[PDB]
Amino acid sequence: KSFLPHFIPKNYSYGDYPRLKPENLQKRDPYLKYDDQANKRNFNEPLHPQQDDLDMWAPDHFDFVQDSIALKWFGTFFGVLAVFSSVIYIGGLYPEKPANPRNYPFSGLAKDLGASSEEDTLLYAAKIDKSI
Amino acid sequence: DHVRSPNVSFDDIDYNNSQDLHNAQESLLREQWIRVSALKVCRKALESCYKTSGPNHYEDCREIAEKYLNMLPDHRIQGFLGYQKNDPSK
Amino acid sequence: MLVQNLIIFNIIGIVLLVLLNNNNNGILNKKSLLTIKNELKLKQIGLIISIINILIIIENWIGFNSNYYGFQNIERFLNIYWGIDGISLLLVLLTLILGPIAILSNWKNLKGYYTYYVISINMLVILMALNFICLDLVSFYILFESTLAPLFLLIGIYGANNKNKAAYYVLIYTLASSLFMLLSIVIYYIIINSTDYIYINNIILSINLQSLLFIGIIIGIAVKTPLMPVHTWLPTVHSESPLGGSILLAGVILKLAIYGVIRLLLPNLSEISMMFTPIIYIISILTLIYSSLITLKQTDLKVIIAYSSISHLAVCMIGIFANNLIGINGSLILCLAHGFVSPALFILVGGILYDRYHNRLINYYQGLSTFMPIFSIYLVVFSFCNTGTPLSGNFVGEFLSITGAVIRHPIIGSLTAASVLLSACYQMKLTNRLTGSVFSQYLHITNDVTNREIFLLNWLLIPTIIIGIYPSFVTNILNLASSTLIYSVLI
Amino acid sequence: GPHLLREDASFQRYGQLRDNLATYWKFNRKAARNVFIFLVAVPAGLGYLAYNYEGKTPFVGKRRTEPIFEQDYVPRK
Amino acid sequence: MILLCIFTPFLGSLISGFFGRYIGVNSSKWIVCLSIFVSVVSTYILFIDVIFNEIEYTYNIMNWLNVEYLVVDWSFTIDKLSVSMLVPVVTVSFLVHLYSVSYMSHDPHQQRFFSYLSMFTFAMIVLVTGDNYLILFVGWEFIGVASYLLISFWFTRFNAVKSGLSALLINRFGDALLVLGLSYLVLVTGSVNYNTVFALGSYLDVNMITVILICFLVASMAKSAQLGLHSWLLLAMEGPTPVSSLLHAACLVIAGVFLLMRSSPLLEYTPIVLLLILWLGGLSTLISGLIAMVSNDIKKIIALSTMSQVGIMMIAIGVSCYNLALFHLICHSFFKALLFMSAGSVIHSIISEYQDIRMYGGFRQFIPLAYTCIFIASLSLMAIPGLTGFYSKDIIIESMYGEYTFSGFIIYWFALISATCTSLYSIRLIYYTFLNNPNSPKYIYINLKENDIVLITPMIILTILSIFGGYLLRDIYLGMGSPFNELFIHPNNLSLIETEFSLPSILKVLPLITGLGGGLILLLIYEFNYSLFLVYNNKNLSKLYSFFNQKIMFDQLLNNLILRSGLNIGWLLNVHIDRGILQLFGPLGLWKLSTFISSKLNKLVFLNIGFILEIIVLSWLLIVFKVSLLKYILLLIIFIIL
Ligand SMILES: CCCCCCCCCCCCCCCCCC(=O)OC[C@H](COP(=O)(O)OCCN)OC(=O)CCCCCCCCCCCCCCCCC
Ligand SMILES: CCCCCCCCCCCC(=O)OC[C@H](COP(=O)(O)OCC[N+](C)(C)C)OC(=O)CCCCCCCCCCC
Ligand SMILES: CCCCCCCCCCCC(=O)OC[C@H](COP(=O)(O)OCC[N+](C)(C)C)OC(=O)CCCCCCCCCCC
């Protein structure tokens with residue numbers, strides 16, 4: 001069922017500060033009546049030293065599955081898509097280009113693409129239409 | 001009225017003369033701001049050329065774009081401390 | 001016509017308040033009329049003094065030439081030369097503006113001794129303002145540390161429960177570090193026989209001696225901005241000092257370190273500043289990143305605001321140490337913008353919430369927009385200004401400082417862009433909590449923001465928006481002065 | 001005046017603990033590891049990167065001198 | 001005309017924000033609607049003048065930044081691209097505002113809601129009309145600001161408050177990268193103006209262009225809720241339905257697409273970024289569709305549909321088909337807004353205001369007008385031939401195969417499955433809400449009625465635009481040779497021919513067969529063989545259902561791992577550094593050192609002749625000893641302090 005968030009210490013010794021079991025106030029029963037109904041807290045109830053990580057204003061904690069199991073599924077999902085992508089690449093099953101890619105006249109539109117002379121023709125031209 | 005820069009070079013003054021040194025620092029700074037003004041005017045030509053040319057901006061504004069990219073690395077404020085405290089000849 | 005008039009008028013102002021209030025102290029058991037209404041007639045005179053101080057610099061501003069290189073309004077007074085340039089002019093105006101604002105913040109929330117508080121505030125404003133117009137290192141240091149004596153007593157008398165600890169922190173942190181800066185100043189007076197700004201800028205010292213001088217000066221500066229890891233005094237001082245003390249400390253004092261870099265490091269130790277720039281960036285980047293993450297775990301309302309100032313001034317240090325005009329101008333713009341938004345956050349926290357409930361713990365406050373809508377409007381607007389949202393002067397300062405950092409160092413200077421995310425993380429988490437959910441069960445319904453607190457928030461918001469939308473008011477004055485600080489030899 | 005805030009003892013103890021965590025800090029092996037990472041290891045990583053690429057990034061108006069697209073297409077057949 | 005189009009929505013926000021108390025609820029809502037309508041009419045006039053007459057409008061208010069060579073002005077331009085973005089923005093905003101008049105009629109804070117709603121419209125107008133990237137950034141930031149105030153409008157609700165914070169902080173993550181990209185733009189080109197930067201794209205280093213547009217890509221993912229920065233999108237459903245209708249149709253969700261299309265002249269010269277955009281859009285399309293088929297909240301399903309459709313625009317950008325992305329963006333803004341409006345009409349029609357589709361059933365006869373709007377919008381979403389979505393979405397899926405590269409072929413399958421899922425969750429959503437056996441109590445059905453005319457009016461206008469809009473505007477954006485110089489397509493990247501002609505005839509109908517045919521199979525199983533979908537029996541099906549119902553566990557991973565660790569780093573910094581070593585090397589450590597040293601010195605001060613005599617005689621050893629031993633004496637003295 002529920003479990004505490006990460007980085008919540010099991011023990012602490014802050015002098016004479018009371019030592020209480022760390023409780024996530026987000027998991028408390030909402031149908032009960034509290035002095036502070038919004039935060040699910042009664043007046044003068046002691047606070048954990050890291051209560052800011054275990055209250056309503058803390059990030060919402062998800063406890064449907066364990067993080068290791070949740071990360072196993074997350075890697076498995078993208079692992080399937082990775083194998084599916086690599087097989088088609090290594091196998092080379094993706095279709096070939098039906099025709100020669102588009103060609104353009106005037107030395108592959110070199111002058112219209114910022115070229116200055118014949119030295120910089122290949123630096124700016126597109127695929128040159130060799131068949132005039 | 002429009003006061004003009006008192007052209008003075010660090011290479012023709014004595015730094016012990018605080019007035020001559022002050023003019024050399026001011027003269028170098030004022031020439032650097034003229035380069036920035038020139039750069040902004042040249043960029044205005046590039047902006048106007050790009051809009052009116054449309055798909056022809058590569059050809060119509062080729063020389064202007066080349067000029068802007070060459071002037072950009074050095075058409076900026078560089079200060080006077082660098083040249084005042086250093087002798088390039090040595 | 002500036003320093004002479006400013007010192008003489010304020011000294012006469014100090015004497016005038018002392019004569020009136022202390023005339024009947026001779027065990028008279030008297031009642032008197034000046035002390036009626038919490039010494040209203042003595043607070044009013046001190047408030048008028050602060051306003052007149054602003055007019056003094058405005059008269060000299062009319063004659064200021066933005067196209068003139070070098071110091072203007074050069075004046076000899078007390079065997080000291082005083083001058084004004086573009087950078088000094090704006091910082092003086094900010095210091096004097098916060099004068100009346102600091103006094104008005106503690107108008108009717110002090111337990112007594114208003115006359116002592118008023119004189120101390122006006123004395124601090126003038127001393128800090130004079131520190132921007134001195135033209136030598138010795139005069140700079142004299143005014144740099146003269147503010148400690150009025151500030152130490154001010155915190156220890158009008159402070160919060162831990163005022164004793166805060167008074168020790170500010171006195172010892174800022175003196176032990178400034179003494180290392182005095183050593184570098186003493187070295188200048190030994191080998192050059194002068195500490196004049198213009199005289200020492202033209203002298204090139206050995207690369208080893210410049211390293212020693214830079215370290216001595218930077219220790220005094222780094223503690224005062226402040227930078228990590230010498231920053232721990234600032235959260236304690238802000239959380240315990242009175243609201244007017246916090247406004248001056250956050251709005252003026254922390255800006256003296258940035259101005260100190262302009263005067264004491266860049267034009268006189270230019271060669272070693274280039275070498276130290278990677279080290280300064282690493283310290284400031286870690287100061288920015290660490291402070292933002294540390295702010296996420298704070299529970300004191302006023303401490304959260306104190307840490308926010310550390311992160312912003314880290315950007316100012318990064319921008320001011322960039323060797324280009326974009327970074328330098330942006331750092332100066334951010335200092336002016338921070339000089340208004342940061343006091344406003346203390347006013348909202350330590351002046352509005354604290355003056356009603358007297359508790360600075362965050363757990364007692366939530367859903368304040370239900371019965372304090374006017375408070376929440378200013379809190380949200382100033383929260384977005386503090387996070388660098390456009391239309392505010394902070395965004396103009398932060399963007400140019402980040403841009404200047406990238407120009408100075410494209411690789412590690414890019415890390416300064418993390419301030420856009422990190423600043424919104426801690427600032428909005430505080431604002432989202434203070435306005436969200438139902439009204440706090442630990443609070444009783446009371447008055448919203450009053451007219452006096454409305455005036456303080458509005459006239460701190462107005463300069464931020466004006467600078468944010470049209471920063472050319474500031475850039476035009478700074479452009480000629482800031483261009484002198486750049487060190488480069490392009491061939 | 002009217003004590004508009006209902007002070008809570010648990011909140012005060014929680015607040016006092018947060019403001020005085022330095023009293024109970026111990027320079028153990030756990031603390032030393034965190035101190036080393038934040039104050040030595042992390043600055044060293046930035047320290048190396050800052051000087052490795054210091055003055056080696058001329059990005060102002062950097063020009064392209066290599067063609068982007070391929071001229072001739074080689075079919076897989 | 002340009003000034004009236006841009007700043008009129010700002011006037012409505014100011015009027016309701018500060019004068020809404022003095023004019024009442026009703027007049028505040030209509031004045032805001034009036035201000036948006038003025039912008040609507042002015043935009044349509046400009047659309048004819050700009051698109052058809054090839055005219056441009058530029059207004060320069062004043063200079064903003066004048067730091068040496070960096071000059072930025074408060075200037076706004078209306079070119080083909082800007083006015084193309086304005087039509088979805090202002091028109092849908094007006095229809096949402098008209099929709100909001102009757103939907104929010106029972107809310108106690110209507111004046112503030114319309115003030116925030118019109119402010120968002122003004123922020124988006126500034127985003128697409130600025131003539132430089134910094135003016136774009138102004139709208140970019142206030143879009144997140146207004147959305148934060150809209151998602152958390154019901155600030156008394158804890159979930160809405162935290163959801164608004166989630167949207168703001170994730171979008172600020174993109175803003176941090178966006179600032180970094182603009183700074184690099186100033187570093188390389190010394191300007192942020194469109195007319196300056198776009199004129200140097202072919203001459204800049206490819207590495208420099210990649211860094212700038214990688215920052216743009218990260219910023220785009222946050223706004224467009226692509227993979228890795230999409231958790232906030234579903235949390236945006238905490239706000240009122242009019243917010244969701246406006247947000248997910250022609251607003252913040254589409255801001256990421258516009259940024260990449262604006263940067264098309266730069267984006268064409270860094271093919272590696274295009275490869276990243278193509279995969280990021282393709283992955284988000286596949287993931288979003290799978291999640292939407294096991295979701296129960298009606299607004300969550302539509303929100304997931306928005307994420308799936310935005311990715312379709314991204315893959316079009318990834319293949320340099322900026323015209324395809326823009327046209328699908330305009331069409332999507334019309335029928336997706338209709339879905340949210342009609343979804344909010346179903347929630348208002350039911351008395352309990354339930355939002356789970358599992359509690360719906362048999363609404364088709366009771367609310368036929370809402371059903372037809374959903375039915376027509378669903379078919380338009382499913383790219384049914386003849387409708388707006390068919391002319392805008394089907395071509396993009398074809399363009400993946402027409403690219404004829406390895407990445408395009410893989411994304412084609414992802415897009416094909418996305419298209420199949422798009423029909424699958426539309427049929428599933430319709431069946432649960434309108435065709436399933438009733439699940440809600442009988443008392444709900446005897447009080448189930450359609451809403452008023454004011455709510456209906458925007459939906460009918462959108463419904464007609466969801467039938468004929470795409471057919472009329474296809475030639476403007478998808479026509480061959482149409483001049484759209486604002487979007488630059490390199491000659492080597494024009495694949496509109498190989499996509500149109502070389503495609504096998506089977507691929508032209510394959511999405512249709514999988515959509516309608518796959519939808520019929522799902523419909524038959526639900527009606528007659530529902531025992532198959534009792535997935536709580538099978539263990540693998542339960543895990544598979546749970547994995548996609550929890551949205552690829554990304555929300556759990558983001559919170560339990562990334563956000564928690566980021567907060568713990570601050571805790572570690574606070575405990576071990578700020579309150580730790582800096583206190584040992586600080587006031588606390590020096591106090592213990594001072595106490596130890598001063599205690600020793602206190603015992604050395606007492607009146608004793610023998611004590612002082614020995615010290616005086618001991619000092620005589622300094623004279624005797626050679627001075628090179630002073631440091632050894634110094635170490636010895638410290639040893640005695642211990
Ligand atoms: C809540 C607290 C209160 C704060 C809220 C109000 C904040 C208002 C902020 C305004 C800041 C001042 C900006 C206007 C000052 C005038 C600027 C100026 O000096 O003129 C510049 C411009 C041409 O320059 P020039 O030829 O030199 O003329 C100078 C003649 N002496 O001359 C001009 O063209 C003048 C143009 C005046 C424009 C009027 C202001 C319009 C609104 C701001 C426009 C900014 C762009 C839109 C921002 C919205 C977001 C997109
Ligand atoms: C710019 C140069 C200024 C220098 C001179 C300033 C005035 C000095 C005090 C003389 C008059 C006086 O002691 O009078 C006392 C005044 C008036 O306070 P009050 O509330 O009326 O007194 C209480 C009596 N009741 C209760 C009956 C009303 O308070 C002050 O002490 C304010 C001035 C001192 C502030 C800083 C103190 C430390 C200074 C350290 C310097 C490095
Ligand atoms: C180079 C940059 C230098 C920056 C400043 C240096 C550290 C300043 C520490 C503040 C001390 C303070 O405030 O003194 C006050 C503190 C009071 O301690 P407290 O806070 O009440 O807790 C401790 C009390 N208990 C345990 C009861 C709660 O007494 C001390 O510690 C006395 C020793 C201070 C000596 C400082 C000399 C510094 C020498 C120069 C640097 C090598």
Side-chain angles (χ1 to χ4, degrees), chain B residues 1-8 10 18-40 75-84, chain C residues 2 57 60-74 82-94 132-133 135 197-198 201-202 258-259 261-263 265-268 270 319-320 322-336 396-397 400-401 404 467 470-488 490, chain E residues 63 65-71:
Chain B
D1 56 336
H2 182 76
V3 58
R4 309 183 99 270
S5 62
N7 297 273
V8 161
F10 287 98
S18 298
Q19 181 57 61
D20 294 337
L21 182 60
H22 195 86
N23 294 330
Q25 301 170 346
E26 176 185 355
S27 185
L28 203 65
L29 290 178
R30 295 190 180 277
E31 298 287 352
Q32 294 182 3
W33 279 97
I34 295 176
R35 302 168 111 259
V36 169
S37 296
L39 180 68
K40 294 179 291 184
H75 276 52
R76 56 192 58 238
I77 281 86
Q78 309 173 20
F80 59 84
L81 293 173
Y83 188 81
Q84 171 183 341
Chain C
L2 176 62
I57 192 61
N60 296 264
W61 189 10
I62 304 178
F64 181 79
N65 193 337
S66 298
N67 199 23
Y68 177 81
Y69 162 72
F71 295 98
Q72 309 178 24
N73 305 12
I74 298 182
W82 314 83
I84 276 198
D85 69 325
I87 298 181
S88 301
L89 172 67
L90 293 170
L91 294 174
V92 168
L93 195 74
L94 170 64
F132 296 109
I133 54 193
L135 294 186
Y197 282 179
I198 301 297
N201 289 343
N202 309 323
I258 303 299
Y259 179 78
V261 175
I262 296 182
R263 298 308 178 186
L265 297 178
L266 297 184
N268 49 327
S270 307
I320 198 60
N323 208 24
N324 49 83
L325 193 65
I326 295 183
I328 294 180
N329 275 17
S331 181
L332 294 172
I333 292 179
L334 188 55
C335 291
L336 293 169
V396 181
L400 294 176
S401 304
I467 296 177
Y470 199 82
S472 297
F473 293 152
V474 173
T475 303
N476 290 331
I477 307 179
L478 291 179
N479 272 335
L480 186 49
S482 301
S483 61
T484 78
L485 310 174
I486 299 183
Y487 180 87
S488 55
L490 286 187
Chain E
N63 192 314
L65 302 183
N66 202 328
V67 186
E68 43 181 0
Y69 58 91
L70 179 59
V71 180

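Throughout, protein chains are lettered first and strands after them, A, B, ... in sequence-line order, and every chain is numbered starting at 1.
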Undergrad: Ignoring hydrogens and geometry, is there a side-chain-to-backbone donor-acceptor pair from B/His22 to C/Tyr69 under 3.5 Å?
TA: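 Flag set: sc B/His22 to bb C/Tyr69 pair under 3.5 Å.
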Undergrad: How far apart are the closest heavy atoms of C/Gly327 and C/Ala322, and which atoms are they?
TA: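 What the structure gives for the nearest pair is CA-CB, 4.2 Å.
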Undergrad: To the nearest 0.5 Å, tell me how far B/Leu81 CG sits from C/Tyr487 OH.
TA: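 Rounded to the nearest 0.5 Å, the CG-OH separation comes to 8.0 Å.
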Undergrad: Closest heavy-atom contact between C/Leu325 and E/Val67?
TA: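 Between these two residues, the closest heavy atoms are O-CG1, 4.0 Å.
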Undergrad: Within the side chain of C/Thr475, is there an N or O that forms a donor-acceptor pair under 3.5 Å with the backbone of C/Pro471?
TA: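 Present.
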Undergrad: Under a plain distance cut-off of 3.5 Å, with no hydrogens placed, do C/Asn65 and C/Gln72 share a side-chain donor-acceptor pair?
TA: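 Side chains of C/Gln72 and C/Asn65: no pair found under 3.5 Å.
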Undergrad: Got a second to check how far C/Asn323's CG is from C/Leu266's CG, nearest 0.5 Å?
TA: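 The CG atom of C/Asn323 sits 8.0 Å away from the CG atom of C/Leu266.
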Undergrad: Are the side chain of E/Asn63 and the backbone of E/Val71 linked by a donor-acceptor contact shorter than 3.5 Å?
TA: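 Side chain of E/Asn63 to backbone of E/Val71, a donor-acceptor pair under 3.5 Å: no, none is there.
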Undergrad: Quick one: closest heavy-atom pair of C/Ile486 and C/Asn324, and the distance?
TA: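 Heavy atoms only, the tightest pair is CD1-C, 3.8 Å.
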Undergrad: Might you point out which heavy atoms bring C/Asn476 and C/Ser66 nearest each other, and give the distance in Å?
TA: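 Where C/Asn476 meets C/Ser66 most closely, the heavy atoms are O-CB, 4.2 Å.
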Undergrad: Quick one: CG on C/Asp85 to CD1 on C/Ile74, what's the gap to the nearest 0.5 Å?
TA: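 C/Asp85 CG to C/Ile74 CD1: 10.5 Å, rounded to 0.5 Å.
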Undergrad: For C/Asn329 and C/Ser482, does a side-chain donor sit closer than 3.5 Å to a side-chain acceptor?
TA: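 Yes, side-chain donor-acceptor contact under 3.5 Å.
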Undergrad: Is there a donor-acceptor contact under 3.5 Å from the side chain of C/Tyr259 to the main chain of C/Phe132?
TA: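 Present.
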Undergrad: Is a donor on one side and an acceptor on the other found under 3.5 Å between the side chain of C/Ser331 and the backbone of C/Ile328?
TA: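 No, because the side chain of C/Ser331 does not come within donor-acceptor range (under 3.5 Å) of the backbone of C/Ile328.
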Undergrad: Can you give me the closest heavy-atom contact between C/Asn67 and B/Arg30, atom names plus distance?
TA: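 Scanning both residues completely, I find the closest heavy atoms to be O-NH2, 2.6 Å.
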Undergrad: Hey, could you give me the CD/CZ distance between E/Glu68 and B/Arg76, rounded to the nearest 0.5 Å?
TA: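 Between E/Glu68 CD and B/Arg76 CZ, I get 6.5 Å after rounding to 0.5 Å.
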Undergrad: Might you confirm whether atom CH2 of C/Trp61 has over 12 heavy atoms from other residues, nucleotides or ligands at distances under 6.0 Å?
TA: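 Atom CH2 in C/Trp61 is not crowded, with 12 or fewer foreign heavy atoms closer than 6.0 Å.
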Undergrad: As an exercise, state the distance from CG of B/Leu21 to CD of B/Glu26, rounded to the nearest 0.5 Å.
TA: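 Rounded to the nearest 0.5 Å, the CG-CD separation comes out at 12.0 Å.
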Undergrad: Could you tell me the separation between the CG atom of C/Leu485 and the CD1 atom of C/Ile320, rounded to the nearest 0.5 Å?
TA: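 Nearest 0.5 Å value for the CG-CD1 distance: 6.5 Å.
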